[PDB]
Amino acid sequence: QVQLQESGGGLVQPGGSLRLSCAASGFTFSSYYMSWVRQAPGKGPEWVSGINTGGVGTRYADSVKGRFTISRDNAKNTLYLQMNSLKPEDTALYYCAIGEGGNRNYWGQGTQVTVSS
């Protein structure tokens, strides 16, 4: 069964850092573009970052460019997101998504991130 297991979330103070991890199983991970999408409360879903099969070719949304860095470990079937210098505008539920993140059926149950004082 295809499964995506996000972890690494929680409560961080503004300016702080967090490292999200998503452990993929039940499909050949190396065959898929992987991305991270966040869903802020009250707002719609926001695509945040993407990475090609290969882990060399990354994409970032303008809102996180420079603060976030996506990586993949095809040997360990895991996807990561390094979130540095966190603004409150990033308090959202972060989903690890198979593909470009255009389909919510291919997301895992998100990891909660809350940047507050």
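The first residue of the sequence shown is number 1, and the count goes up from there.
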>> If you take the mean CA temperature factor per stretch, which one wins between 86-94 and 28-36?
In response: 86-94
> Hey, what third does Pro14 fall into on Cα B-factor, ranked over its chain?
Replying inline: highest
>> Can you tell me whether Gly42 has a C-alpha B-factor in the lowest, middle or highest third compared with the other modelled residues of the same chain?
In response: highest
> Sorting the chain's CA B-factors, does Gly102 end up in the lowest, middle or highest third?
Replying inline: highest
